Amino acid sequence: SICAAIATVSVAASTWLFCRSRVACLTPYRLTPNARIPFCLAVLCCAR
Amino acid sequence: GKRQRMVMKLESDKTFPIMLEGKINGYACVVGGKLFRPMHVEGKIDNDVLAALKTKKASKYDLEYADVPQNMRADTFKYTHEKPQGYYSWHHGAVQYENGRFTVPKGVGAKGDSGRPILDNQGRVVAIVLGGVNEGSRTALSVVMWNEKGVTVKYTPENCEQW
Amino acid sequence: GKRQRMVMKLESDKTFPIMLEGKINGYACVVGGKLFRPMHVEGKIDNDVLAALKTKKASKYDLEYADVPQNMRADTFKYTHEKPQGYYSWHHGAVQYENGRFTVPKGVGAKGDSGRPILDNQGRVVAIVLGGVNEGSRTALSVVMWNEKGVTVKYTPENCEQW
Amino acid sequence: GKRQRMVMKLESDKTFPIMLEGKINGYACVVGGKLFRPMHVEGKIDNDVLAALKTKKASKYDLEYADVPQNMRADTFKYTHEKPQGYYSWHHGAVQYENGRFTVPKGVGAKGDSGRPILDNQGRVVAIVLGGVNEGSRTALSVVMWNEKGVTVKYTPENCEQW
């Protein structure tokens, strides 16, 4: 029970930080009126 | 004199106010097929087309953005990233761009004039006014702008008051 | 010209616009001692006397209707069952009546054009506009009207727009 | 003639209306470092400084009061308790003070003109208009006033209607 709780908290927190970093990557690039995404930050953050 | 008339001629149809029980508290911006609108200004869009949409949010950059349809993308503002230092046109006259900072002389500035874009001598939007802070005699602006790479940079001085 | 001015003189007294938050969405008509209001138009009637009256609804004919107070009964429009072909009047110029179809030359008729009573060559209401469609170079309308028996008749062309 | 101009010159900056979806229903009063505002008038304060406060209530005396800050206490109305009988200045002309009662001639008086202070020939507030009752030809007022001891006396005739 405690190992499943530790693993659950760790996976949920890592997924939360991943979504936080994806938002932090794509927030400056979406407010621009040109609406383009560069080559590296498109595929690595699933931006399309 | 004629600068305010040019601002009223350029921002006539493209600028829509935000109503809140009859009070004008902010102004949206239609540029690049995008509808910029701040967080702290809360109310209904005076335009009927722009009100029936869904705006994606960005609380860190203090911007709500949406997708303007294709039948209105030609009637938008212009935008650029190449900007030298000196003078620019604003709705209440002139604004100084010094050391990468927008400064407005005192006397003007209250609650309600948030979202007015900053124009140049050609007719392109270089910044969007979001807040202001009183600095001695000459106030500074907390705005957003773009760059050559394409990253929306939000400039915010110390202890600003939201308008 | 000349026709629209007496219609403005009539509409200044008895045709009442509705009050959406900043604009006008539709027009309540007071005819024969029975207040009429379209359904898709939502807001508040300008008179505090006509606001408090609860309306009965008729979804087949797209009109709320309520009873007019006794003082207001003499200051109502008049209604006519008999309409011959030709030209009738309207707030936006003239309207053609041909084969039982109120049609209008295009360029006019948009949102906020609802409940405007089509008058006649005497000053009596023959129809109430609820919307229309652009039939090529000339738009037709979707009105309710009356006949010889006393039966409210609604006509609506194909794919009309609720104005 | 000139009395209404003197009322508009004295009550220009110190009188703030109360807004309710664009409707003017009442007027507050800034006197003695205090903000008087009635109960039945509900809405938002047009001034930005006076709206962001907390008003202590008194339902028996029908008054909400607050503390005006020190940077605005010099720009208030004046107040006194020494009043003789006769005539006084009001926003719609003159008002008679007879037997300790304020009377206004008919023709004027509706819903919305609540909270207007009564001035004298020197420029001091002697009463605050809260309600009125129609008495024959000459209406009476239901107001508040002060005395020599310092007790706020609320005068209310029979069967008044709140404005």
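Looking at the entry header, you'll see cryo-EM listed as the method and 3.5 Å as the resolution.

Chain B is annotated in the PDB entry as Capsid protein of Venezuelan equine encephalitis virus.

Looking at the PDB entry, one finds chain A named Spike glycoprotein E2 and attributed to Venezuelan equine encephalitis virus.

Our next topic: the interface of chain B and chain A. Facing the 13 residues of chain B at the interface are eight residues of chain A. Summing the contributions of chain B and of chain A, the shared interface buries around 1,000 Å²; its carbon and sulfur component is 66%. For the pair chain B and chain A, the number of links is zero salt bridges. Counting across the chain B and chain A interface gives six residue pairs in polar contact. Those elements giving two or more residues to the side of chain B that touches chain A turn out to be β4 (34-36) and β7 (63-65) of chain B. Split by residue class, the side of chain B that touches chain A holds nine nonpolar, three polar and one charged.

A full pass over the atoms with the stated rule returns 13 salt bridges over all chains. Of the charged contacts, one joins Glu64 of chain B and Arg37 of chain B as a salt bridge, the two residues approaching to 2.9 Å between their closest N and O atoms. A residue pair is termed long-range when its members are at least 10 positions apart, and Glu64 of chain B in strand β7 and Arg37 of chain B in the loop between β4 and β5 (44-45) qualify at 27 residues. For the pair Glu64 of chain B and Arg37 of chain B, a shared accessibility class is recorded, and that class is buried. Between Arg101 of chain D and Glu135 of chain D there is a salt bridge, with its nearest N and O atoms 3.8 Å apart. Of the two residues, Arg101 of chain D sits in strand β11 (residues 101-105) while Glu135 of chain D sits in the loop between β14 (127-133) and β15 (138-145), which places them 34 residues apart along the sequence. When salt bridges that share partners are traced, they join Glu11, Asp113 and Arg116 of chain C into one network.

Now for the UniProt feature "active site" in chain B. Residue and element names in this part refer to chain B. The UniProt record annotates "active site" at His40, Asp62 and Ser114. In three dimensions, the annotated residues from a span of 75 residues occupy one location, with a maximal C-alpha spread of 12.0 Å. When you line up the elements, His40 lands in the loop between β4 and β5. Those residues in contact with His40 that lie beyond four places of it in its chain are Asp62, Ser114, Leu130, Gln162 and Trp163. Topologically, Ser114 is positioned in the loop between β11 (101-105) and β12 (117-118). Ignoring anything within four residues of it in the chain, the contact list for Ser114 reads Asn25, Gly26, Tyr27, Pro38, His40, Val41, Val129, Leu130 and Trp163.

A word on the environment of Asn121 of chain C. The topology assignment puts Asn121 of chain C in the loop between β9 (117-118) and β10 (127-135). Linking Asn121 of chain C and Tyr88 of chain C, residues 33 residues apart in sequence, is a C-alpha distance of 6.5 Å.

Glancing now at the pairing of β10 of chain C. Residues and elements named next belong to chain C. Taken together, the two bridges between β9 and β10 define a ladder with antiparallel strand orientation. Its bridge partner being in β10, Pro117 is matched across the sheet by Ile128. Two elements, β10 and strand β11 (residues 138-145), share seven bridges in a ladder whose sense is antiparallel. Along β11, the bridge assignment pairs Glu135 with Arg138. The hairpin turn running from β10 into β11, its antiparallel successor, is two residues long, and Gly136 in that turn takes a positive phi close to 75 degrees. Here β10 pairs with strand β13 (residues 161-162) via two bridges, running antiparallel. Residue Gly132 lies in a different strand from β13, and its bridge partner there is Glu161.

Once that is clear, we can look at the sheet that holds strand β1 (residues 17-20) of chain D. Residues and elements named next belong to chain D. One open sheet accounts for three strands, arranged β2-β1-β5; its pairing is antiparallel. Both edges of this open sheet fall to β2 (23-27) and β5 (44-45), since each of them pairs with a single strand only. With four bridges connecting them, β1 and β2 associate as antiparallel partners. Paired with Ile18 across the strands is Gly26, a residue of β2.

Bringing the arrangement of the chains into the picture now. Contacts are most numerous between chains A and B, considering all four pairs of chains that are in contact. At the level of C-alpha atoms, the two units chain A and chain D stay apart, their nearest approach being 32 Å.

The next subject is a positive patch on the surface. A grouping of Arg30 of chain A together with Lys54, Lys56 and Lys57 of chain B is seen on the molecular surface, where their side chains present a positively charged patch. As for its position among the elements, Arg30 of chain A is in helix α1 (residues 2-30).

Moving on: the nonpolar core. Core analysis: the largest hydrophobic core is formed by 15 residues, its most contacted members being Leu31 of chain A together with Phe36 and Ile128 of chain B. Looking at this core, the elements with two or more residues in it are β3 (29-31), β7 and β14 (127-133) of chain B. A domain split of this core shows at least three residues from each of domain 1 (14-77) and domain 2 (78-163) of chain B. With near-sequence residues (within four places) excluded, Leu31 of chain A lies in contact with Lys34, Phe36, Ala58, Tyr61, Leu63, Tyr65, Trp146 and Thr152 of chain B.

Cut-offs used in this document
- Residues numbered from 1 in each chain as written, not as in the entry; some residues may be left out.
- Chains lettered and ligands numbered in written order.
- Part of a larger assembly, values for the part shown.
- Heavy atoms only, no water.
- Contact = heavy atoms within 4.5 Å.
- Buried area = accessible area lost by both parts, 1.4 Å probe.
- Salt bridge = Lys/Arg side-chain N within 4 Å of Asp/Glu carboxyl O.
- Polar contact = N/O pair within 3.5 Å; in protein donor to acceptor, adjacent residues only side chain to side chain.
- Helix = DSSP H or I, 4+ residues; strand = E, 2+ residues; numbered from the N terminus.
- Nonpolar A, V, L, I, M, F, W, Y, C, P; charged D, E, K, R; others polar.
- Buried < 20%, exposed > 50% of the residue type's maximum accessible area, 1.4 Å probe, protein only.
- UniProt positions renumbered as here; feature names shortened; annotations may be inferred.
- Pairing = 2+ DSSP bridges.
- Patch = residues over 30% accessible without salt bridge, like charges linked within 9 Å, V, L, I, M, F, W, Y side chains within 5 Å.
- Areas by Shrake-Rupley, 256 points an atom, 1.4 Å probe, with all protein chains shown as cover.
- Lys, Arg positive; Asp, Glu negative; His and termini not counted.
- Charge placed at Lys NZ, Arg CZ, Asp CG, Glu CD.
- Core = buried A, V, L, I, M, F, W, Y, C linked by side-chain atoms within 4.5 Å.
- Domains from an automatic or database assignment.

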